[PDB]
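Please read the structure below before turning to the comments.
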Amino acid sequence: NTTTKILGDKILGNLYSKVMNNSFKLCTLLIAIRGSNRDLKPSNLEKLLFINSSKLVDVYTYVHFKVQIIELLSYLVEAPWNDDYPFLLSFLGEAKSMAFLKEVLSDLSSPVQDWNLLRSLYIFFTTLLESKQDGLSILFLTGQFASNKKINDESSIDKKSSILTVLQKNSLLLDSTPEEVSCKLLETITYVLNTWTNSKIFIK
Amino acid sequence: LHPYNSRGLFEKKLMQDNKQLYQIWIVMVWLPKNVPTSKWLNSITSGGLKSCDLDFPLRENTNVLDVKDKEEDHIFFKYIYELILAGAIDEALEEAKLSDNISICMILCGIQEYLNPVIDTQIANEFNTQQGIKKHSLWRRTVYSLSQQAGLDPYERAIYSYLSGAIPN
């Protein structure tokens with residue numbers, strides 16, 4: 001929440017965050033490399049996941065830190081997370097909350113009227129545009145967030161099993177910056193506009 | 001389950017073996033400040049203080065310490081009364097702790113029944129240490145004396161009613 005969050009010490013903030021901030025980049029290195037696929041991984045896939053890490057948030061009443069919050073979610077998505085979405089947003093810490101996360105798609109410029117050169121632009125795409133599937137792709141770039149659900153009918157109305165109604169979004173995450181994460185899905189999406197019969201409900 | 005238990009497994013079996021009480025419990029349960037903490041400086045200097053604690057407040061006047069946390073015993077307790085019918089008490093613990101209280105917040109750890117690997121056997125495994133009070137009934141009748149305490153103004157006690165079952169205060 002905020003306890004002892006002061007305009008004396010703002011020095012503790014470069015401590016309190018920056019512990020788990022190391023843990024961030026140790027993971028999201030593995031996907032960022034792009035050109036030489038996979039690196040050293042601790043096990044850390046299993047770790048740092050779900051409702052968790054996020055609890056640092058509320059500095060939005062006072063500064064010990066005030067830009068170190070923004071990091072987590074952008075980092076904490078990994079390449080195997082083109083099939084499922086662990087819950088790095090959905091519930092967050094007491095009171096106030098990250099919400100400068102779609103102001104990483106744009107400028108951060110909505111409070112100030114001038115662009116403050118917000119870092120994350122990079123690492124935000126490192127995992128937005130290189131990690132597929134409902135999760136970061138029902139929240140940013142079409143959708144509304146409550147992952148692994150999107151049926152426009154067009155595909156089975158059963159709870160995903162036939163998958164062509166969701167590829168329509170993930171096809172705009174298949175860009176050249178992706179290596180192998182894209183390079184089988186690029187064959188899956190060929191179907192959607194394939195002339196045999198496919199473009200008769202698949203052009204949504 | 002059966003054979004010999006603390007008070008923790010009794011309460012579980014209670015809720016198990018009826019379902020109109022279990023629903024009744026679920027109804028009542030279903031429906032941000034920045035505070036630097038510390039006291040006891042300003043108190044000794046004007047007059048007496050003589051021992052540090054918020055039990056000095058209870059031997060006499062509740063004006064004896066800082067009076068901008070006399071503020072907090074009204075106000076953050078009002079937040080707590082919205083919270084308890086939004087469910088939980090450990091929620092209310094986390095806000096009691098910002099209220100500049102740190103020994104009157106022990107009363108919200110008091111509300112726990114004994115959960116132990118010495119006396120429960122299916123609560124010996126999601127805990128590997130002692131939790132709560134095993135004198136929880138003497139806790140209940142002693143936090144119920146505060147619900148009527150007339151030195152306690154209504155903006156403290158109304159949650160102390162509720163911690164022992166709510167008289168409408």
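Residues in the structure tokens are named by chain (A, B, ... in the order shown) and by number from 1 within that chain; ligands are numbered from 1 in the order shown.
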
_If the cut-off is 7 Å, can you tell me the residues of chain B near chain A, counting only C-alpha atoms? I'd like them as JSON, numbers by chain._
{"B": [32, 33, 34, 35, 36, 37, 98]}

Output of the above residues as a PDB file, in the first residue's frame, restricted to C-alpha atoms:
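The result, written out as result_0.pdb:
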ATOM      1  CA  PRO B  32      -5.108   3.700   0.099  1.00  0.00           C
ATOM      2  CA  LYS B  33      -3.517   6.162   2.691  1.00  0.00           C
ATOM      3  CA  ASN B  34       0.156   6.947   3.197  1.00  0.00           C
ATOM      4  CA  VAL B  35       1.077   6.817   6.868  1.00  0.00           C
ATOM      5  CA  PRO B  36       4.633   7.113   8.218  1.00  0.00           C
ATOM      6  CA  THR B  37       4.392   5.376  11.652  1.00  0.00           C
ATOM      7  CA  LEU B  98      -1.292   1.760   8.378  1.00  0.00           C
TER       8      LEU B  98
END

_List the spatial neighbours of stretch 24-28 of chain A as number ranges by chain - criterion: any atom at most 7 Å away, only C-alpha atoms, same-chain residues fewer than 5 positions off excluded._
A: 41, 44, 72, 75-76, 78

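For the pair atom CA of residue B:42 and atom CA of residue B:103, the interatomic distance is 19.3 Å.
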
*Determine which residues of stretch 3-201 of chain A DSSP labels as helix (DSSP H, G or I) from the backbone of this structure, then write them out as a ChimeraX atom specification.*
/A:13-16,18-32,54-56,71-75,121-128,167-173,185-188,190-193

Export N, CA and C atoms of the chosen residues as a short mmCIF file (atom, residue, chain, number, x, y, z; two decimals), in the first residue's frame?
data_model
loop_
_atom_site.label_atom_id
_atom_site.label_comp_id
_atom_site.auth_asym_id
_atom_site.auth_seq_id
_atom_site.Cartn_x
_atom_site.Cartn_y
_atom_site.Cartn_z
N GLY A 13 13.87 2.92 -2.55
CA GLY A 13 13.12 2.47 -3.65
C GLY A 13 13.98 1.73 -4.71
N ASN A 14 15.26 2.20 -4.85
CA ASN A 14 16.32 1.64 -5.67
C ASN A 14 16.88 0.43 -5.03
N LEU A 15 16.27 0.00 -3.90
CA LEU A 15 16.57 -1.22 -3.19
C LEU A 15 15.45 -2.18 -3.33
N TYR A 16 14.28 -1.75 -2.89
CA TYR A 16 13.01 -2.52 -2.72
C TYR A 16 12.53 -3.12 -3.97
N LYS A 18 14.69 -3.10 -6.85
CA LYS A 18 15.75 -3.51 -7.75
C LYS A 18 16.30 -4.92 -7.46
N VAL A 19 16.04 -5.43 -6.21
CA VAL A 19 16.05 -6.88 -6.01
C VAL A 19 15.40 -7.79 -7.04
N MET A 20 14.04 -7.65 -7.27
CA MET A 20 13.35 -8.51 -8.16
C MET A 20 13.44 -8.06 -9.59
N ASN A 21 13.88 -6.82 -9.80
CA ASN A 21 14.19 -6.34 -11.05
C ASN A 21 15.32 -7.03 -11.77
N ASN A 22 16.29 -7.66 -11.04
CA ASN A 22 17.36 -8.51 -11.62
C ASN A 22 16.69 -9.73 -12.19
N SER A 23 15.89 -10.42 -11.34
CA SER A 23 15.09 -11.62 -11.73
C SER A 23 14.34 -11.51 -13.00
N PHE A 24 13.90 -10.28 -13.34
CA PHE A 24 13.12 -9.96 -14.56
C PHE A 24 13.93 -10.31 -15.80
N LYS A 25 15.01 -9.58 -16.06
CA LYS A 25 15.86 -9.65 -17.18
C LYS A 25 16.58 -11.01 -17.33
N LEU A 26 16.98 -11.75 -16.20
CA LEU A 26 17.39 -13.15 -16.25
C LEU A 26 16.57 -14.13 -17.01
N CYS A 27 15.23 -13.90 -17.05
CA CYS A 27 14.24 -14.62 -17.83
C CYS A 27 14.16 -14.14 -19.27
N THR A 28 13.75 -12.92 -19.47
CA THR A 28 13.30 -12.33 -20.74
C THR A 28 14.43 -12.05 -21.66
N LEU A 29 15.65 -12.29 -21.16
CA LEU A 29 16.80 -12.49 -22.03
C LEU A 29 16.52 -13.61 -23.05
N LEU A 30 15.90 -14.72 -22.63
CA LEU A 30 15.86 -16.01 -23.39
C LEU A 30 15.15 -15.81 -24.75
N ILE A 31 14.15 -14.94 -24.83
CA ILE A 31 13.35 -14.62 -25.98
C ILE A 31 13.94 -13.46 -26.83
N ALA A 32 14.41 -12.39 -26.13
CA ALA A 32 15.07 -11.25 -26.72
C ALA A 32 16.24 -11.58 -27.65
N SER A 54 3.93 -8.16 -8.96
CA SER A 54 3.01 -7.02 -9.09
C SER A 54 2.72 -6.21 -7.87
N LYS A 55 2.92 -6.81 -6.70
CA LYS A 55 2.49 -6.25 -5.43
C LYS A 55 3.28 -5.00 -5.01
N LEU A 56 4.17 -4.43 -5.86
CA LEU A 56 5.07 -3.39 -5.49
C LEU A 56 4.40 -2.04 -5.71
N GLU A 71 7.80 -2.20 -15.57
CA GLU A 71 8.72 -3.28 -15.99
C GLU A 71 8.09 -4.61 -16.01
N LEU A 72 7.53 -5.06 -14.88
CA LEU A 72 7.33 -6.49 -14.65
C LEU A 72 6.67 -7.21 -15.75
N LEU A 73 5.46 -6.78 -16.09
CA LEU A 73 4.58 -7.46 -16.94
C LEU A 73 5.08 -7.60 -18.37
N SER A 74 5.55 -6.45 -18.91
CA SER A 74 6.33 -6.43 -20.15
C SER A 74 7.50 -7.46 -20.18
N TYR A 75 8.27 -7.60 -19.10
CA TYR A 75 9.35 -8.60 -19.09
C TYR A 75 8.92 -10.03 -19.03
N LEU A 121 9.31 0.74 -24.27
CA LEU A 121 8.91 0.57 -25.66
C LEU A 121 9.41 -0.66 -26.40
N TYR A 122 10.69 -0.90 -26.22
CA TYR A 122 11.44 -2.03 -26.59
C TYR A 122 10.96 -3.33 -25.98
N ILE A 123 11.13 -3.53 -24.64
CA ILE A 123 10.91 -4.75 -23.96
C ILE A 123 9.44 -5.06 -23.98
N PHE A 124 8.51 -4.09 -24.08
CA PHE A 124 7.14 -4.28 -24.33
C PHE A 124 6.86 -5.08 -25.64
N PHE A 125 7.60 -4.83 -26.76
CA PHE A 125 7.42 -5.53 -28.01
C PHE A 125 8.16 -6.81 -27.98
N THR A 126 9.29 -6.96 -27.18
CA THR A 126 10.09 -8.11 -27.01
C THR A 126 9.20 -9.30 -26.66
N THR A 127 8.05 -8.99 -25.96
CA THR A 127 7.17 -10.05 -25.54
C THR A 127 5.73 -9.81 -26.03
N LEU A 128 5.40 -8.61 -26.51
CA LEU A 128 4.02 -8.45 -27.04
C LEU A 128 4.01 -9.09 -28.42
N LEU A 167 -6.56 -17.28 -34.50
CA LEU A 167 -5.42 -17.06 -35.27
C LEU A 167 -5.38 -15.77 -35.98
N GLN A 168 -6.56 -15.25 -36.40
CA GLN A 168 -6.77 -13.96 -37.01
C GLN A 168 -6.06 -12.78 -36.38
N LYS A 169 -5.88 -12.82 -35.04
CA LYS A 169 -5.06 -11.89 -34.22
C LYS A 169 -3.61 -12.20 -34.05
N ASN A 170 -3.33 -13.48 -34.09
CA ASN A 170 -1.99 -13.91 -33.81
C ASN A 170 -1.15 -13.86 -35.09
N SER A 171 -1.82 -13.88 -36.24
CA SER A 171 -1.30 -13.72 -37.58
C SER A 171 -0.66 -12.31 -37.67
N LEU A 172 -1.25 -11.21 -37.08
CA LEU A 172 -0.62 -9.90 -36.91
C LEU A 172 0.34 -9.83 -35.79
N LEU A 173 0.91 -10.94 -35.23
CA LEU A 173 2.01 -11.01 -34.31
C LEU A 173 3.04 -11.81 -35.06
N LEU A 185 3.45 -21.26 -37.00
CA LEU A 185 2.19 -20.56 -37.12
C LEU A 185 1.94 -19.91 -38.41
N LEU A 186 2.97 -19.36 -39.11
CA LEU A 186 2.90 -18.89 -40.48
C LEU A 186 2.33 -19.99 -41.42
N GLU A 187 2.35 -21.30 -41.08
CA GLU A 187 1.82 -22.31 -41.96
C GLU A 187 0.39 -22.45 -41.47
N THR A 188 0.10 -22.40 -40.13
CA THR A 188 -1.31 -22.52 -39.63
C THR A 188 -2.32 -21.51 -40.20
N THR A 190 -2.14 -19.79 -43.15
CA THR A 190 -2.40 -19.92 -44.53
C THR A 190 -3.78 -20.41 -44.92
N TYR A 191 -4.36 -21.31 -44.11
CA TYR A 191 -5.68 -21.79 -44.16
C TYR A 191 -6.81 -20.78 -44.34
N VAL A 192 -6.80 -19.68 -43.49
CA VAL A 192 -7.73 -18.59 -43.23
C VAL A 192 -8.09 -17.90 -44.54
N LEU A 193 -7.16 -17.83 -45.55
CA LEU A 193 -7.52 -17.13 -46.76
C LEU A 193 -7.33 -18.02 -47.95
#

*Can you list, as a PyMOL selection string, every protein, DNA or RNA residue that comes within 12 Å of residue B:83 when you count only C-alpha atoms, leaving out same-chain residues fewer than 6 positions away?*
chain B and resi 28-31+76-77+89-96+159

Those residues with N, CA, C and O atoms, as a compact mmCIF listing (two decimals), in the first residue's frame please?
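Result file again22.txt:
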# COMPACT_ATOMS: atom_id res chain seq x y z
N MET B 28 -23.03 -12.76 4.81
CA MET B 28 -22.63 -11.65 5.63
C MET B 28 -21.28 -11.14 5.16
O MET B 28 -20.98 -9.94 5.31
N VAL B 29 -20.44 -12.06 4.72
CA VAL B 29 -19.11 -11.82 4.19
C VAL B 29 -19.24 -11.11 2.77
O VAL B 29 -18.56 -10.16 2.51
N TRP B 30 -20.20 -11.54 1.89
CA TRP B 30 -20.38 -10.97 0.57
C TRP B 30 -21.10 -9.63 0.66
O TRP B 30 -21.96 -9.49 1.50
N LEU B 31 -20.77 -8.66 -0.23
CA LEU B 31 -21.25 -7.32 -0.20
C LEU B 31 -22.60 -7.17 -1.03
O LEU B 31 -22.67 -6.26 -1.92
N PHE B 76 -9.54 5.55 9.59
CA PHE B 76 -9.10 4.31 8.93
C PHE B 76 -9.98 3.20 9.51
O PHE B 76 -9.98 2.09 8.92
N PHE B 77 -10.70 3.29 10.75
CA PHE B 77 -11.57 2.28 11.25
C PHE B 77 -12.88 2.28 10.47
O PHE B 77 -13.50 1.24 10.23
N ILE B 89 -10.79 -10.46 7.41
CA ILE B 89 -10.30 -9.72 8.57
C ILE B 89 -8.77 -9.50 8.39
O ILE B 89 -8.18 -8.65 9.07
N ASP B 90 -8.10 -10.23 7.54
CA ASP B 90 -6.74 -10.08 7.24
C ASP B 90 -6.46 -9.04 6.27
O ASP B 90 -5.42 -8.40 6.29
N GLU B 91 -7.49 -8.71 5.48
CA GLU B 91 -7.65 -7.39 4.78
C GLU B 91 -7.65 -6.15 5.67
O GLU B 91 -6.96 -5.09 5.46
N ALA B 92 -8.41 -6.25 6.70
CA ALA B 92 -8.55 -5.26 7.74
C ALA B 92 -7.39 -5.15 8.62
O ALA B 92 -7.04 -4.11 9.11
N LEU B 93 -6.58 -6.26 8.73
CA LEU B 93 -5.27 -6.30 9.38
C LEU B 93 -4.32 -5.44 8.66
O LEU B 93 -3.53 -4.69 9.21
N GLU B 94 -4.29 -5.54 7.30
CA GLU B 94 -3.33 -4.76 6.51
C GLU B 94 -3.55 -3.21 6.53
O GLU B 94 -2.58 -2.43 6.45
N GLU B 95 -4.77 -2.77 6.71
CA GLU B 95 -5.14 -1.40 6.92
C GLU B 95 -5.02 -0.88 8.34
O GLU B 95 -4.72 0.33 8.52
N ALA B 96 -5.22 -1.76 9.38
CA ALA B 96 -4.95 -1.52 10.83
C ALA B 96 -3.50 -1.16 11.14
O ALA B 96 -3.11 -0.27 11.88
N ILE B 159 -15.93 -2.89 15.30
CA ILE B 159 -15.28 -4.03 14.82
C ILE B 159 -14.93 -5.06 15.91
O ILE B 159 -14.75 -6.25 15.62

_Give me, as a PyMOL selection string, all polymer residues having an atom no more than 10 Å from residue A:81, counting only C-alpha atoms and skipping those fewer than 2 positions away in the same chain._
chain A and resi 45+77-79+83-86+127+130-136+181

Please produce an output containing N, CA, C and O atoms for each residue in the selection, written as a JSON list (two decimals), in the first residue's frame.
[["chain", "number", "residue", "atom", "x", "y", "z"],
["A", 45, "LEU", "N", 11.17, -20.21, -15.67],
["A", 45, "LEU", "CA", 9.90, -20.46, -16.28],
["A", 45, "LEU", "C", 8.80, -20.67, -15.22],
["A", 45, "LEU", "O", 7.81, -19.92, -15.29],
["A", 77, "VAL", "N", 6.65, -12.24, -19.61],
["A", 77, "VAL", "CA", 6.16, -13.14, -20.64],
["A", 77, "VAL", "C", 7.34, -13.70, -21.48],
["A", 77, "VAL", "O", 8.24, -12.89, -21.88],
["A", 78, "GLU", "N", 7.31, -15.04, -21.79],
["A", 78, "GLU", "CA", 8.37, -15.85, -22.38],
["A", 78, "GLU", "C", 7.76, -16.54, -23.51],
["A", 78, "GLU", "O", 6.55, -16.58, -23.72],
["A", 79, "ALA", "N", 8.63, -16.92, -24.44],
["A", 79, "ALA", "CA", 8.32, -17.66, -25.67],
["A", 79, "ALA", "C", 7.36, -18.84, -25.52],
["A", 79, "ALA", "O", 6.34, -18.80, -26.21],
["A", 83, "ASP", "N", 0.92, -20.25, -26.05],
["A", 83, "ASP", "CA", -0.01, -21.33, -26.07],
["A", 83, "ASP", "C", -0.94, -21.11, -24.92],
["A", 83, "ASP", "O", -2.08, -21.64, -25.01],
["A", 84, "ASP", "N", -0.59, -20.26, -23.94],
["A", 84, "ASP", "CA", -1.34, -20.19, -22.68],
["A", 84, "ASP", "C", -0.86, -18.81, -22.08],
["A", 84, "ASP", "O", 0.15, -18.29, -22.59],
["A", 85, "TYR", "N", -1.54, -18.26, -21.04],
["A", 85, "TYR", "CA", -1.10, -16.97, -20.61],
["A", 85, "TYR", "C", -0.99, -17.05, -19.15],
["A", 85, "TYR", "O", -2.04, -17.21, -18.53],
["A", 86, "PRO", "N", 0.14, -16.97, -18.38],
["A", 86, "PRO", "CA", 0.05, -17.04, -16.92],
["A", 86, "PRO", "C", -0.39, -15.65, -16.53],
["A", 86, "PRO", "O", -0.40, -14.81, -17.41],
["A", 127, "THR", "N", 8.05, -8.99, -25.96],
["A", 127, "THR", "CA", 7.17, -10.05, -25.54],
["A", 127, "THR", "C", 5.73, -9.81, -26.03],
["A", 127, "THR", "O", 4.95, -10.74, -26.02],
["A", 130, "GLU", "N", 6.39, -10.77, -30.09],
["A", 130, "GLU", "CA", 7.00, -12.02, -30.16],
["A", 130, "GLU", "C", 6.43, -13.13, -29.29],
["A", 130, "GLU", "O", 6.93, -14.22, -29.26],
["A", 131, "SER", "N", 5.31, -12.97, -28.57],
["A", 131, "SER", "CA", 4.58, -13.98, -27.81],
["A", 131, "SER", "C", 3.09, -13.86, -28.13],
["A", 131, "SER", "O", 2.42, -12.80, -28.00],
["A", 132, "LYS", "N", 2.57, -15.05, -28.64],
["A", 132, "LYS", "CA", 1.22, -15.05, -29.20],
["A", 132, "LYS", "C", 0.15, -15.35, -28.18],
["A", 132, "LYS", "O", 0.46, -15.30, -26.99],
["A", 133, "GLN", "N", -1.14, -15.58, -28.72],
["A", 133, "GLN", "CA", -2.27, -16.19, -27.98],
["A", 133, "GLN", "C", -2.85, -15.26, -26.99],
["A", 133, "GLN", "O", -2.13, -14.52, -26.29],
["A", 134, "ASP", "N", -4.18, -15.25, -26.84],
["A", 134, "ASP", "CA", -4.94, -14.64, -25.72],
["A", 134, "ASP", "C", -4.25, -14.64, -24.42],
["A", 134, "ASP", "O", -3.92, -15.69, -23.90],
["A", 135, "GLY", "N", -4.09, -13.39, -23.93],
["A", 135, "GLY", "CA", -3.16, -13.04, -22.87],
["A", 135, "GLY", "C", -2.78, -11.69, -23.08],
["A", 135, "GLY", "O", -3.42, -10.76, -22.61],
["A", 136, "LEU", "N", -1.71, -11.44, -23.89],
["A", 136, "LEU", "CA", -1.23, -10.09, -24.16],
["A", 136, "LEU", "C", -1.79, -9.69, -25.50],
["A", 136, "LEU", "O", -1.50, -8.60, -25.97],
["A", 181, "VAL", "N", 9.14, -19.26, -33.20],
["A", 181, "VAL", "CA", 7.83, -19.06, -32.54],
["A", 181, "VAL", "C", 6.73, -18.79, -33.58],
["A", 181, "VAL", "O", 5.65, -19.34, -33.43]]

*Near residue B:164, counting only C-alpha atoms, which residues have an atom at most 7 Å away, once you skip same-chain residues fewer than 6 positions from it, shown as a ChimeraX atom specification?*
/B:140,143-144

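For the pair atom CA of residue A:166 and atom CA of residue A:150, the separation is 6.3 Å.
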
*At what distance in Å, to one decimal, does atom CA of residue B:139 lie from atom CA of residue B:1?*
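Value for the atom CA of residue B:1-atom CA of residue B:139 distance: 24.8 Å.
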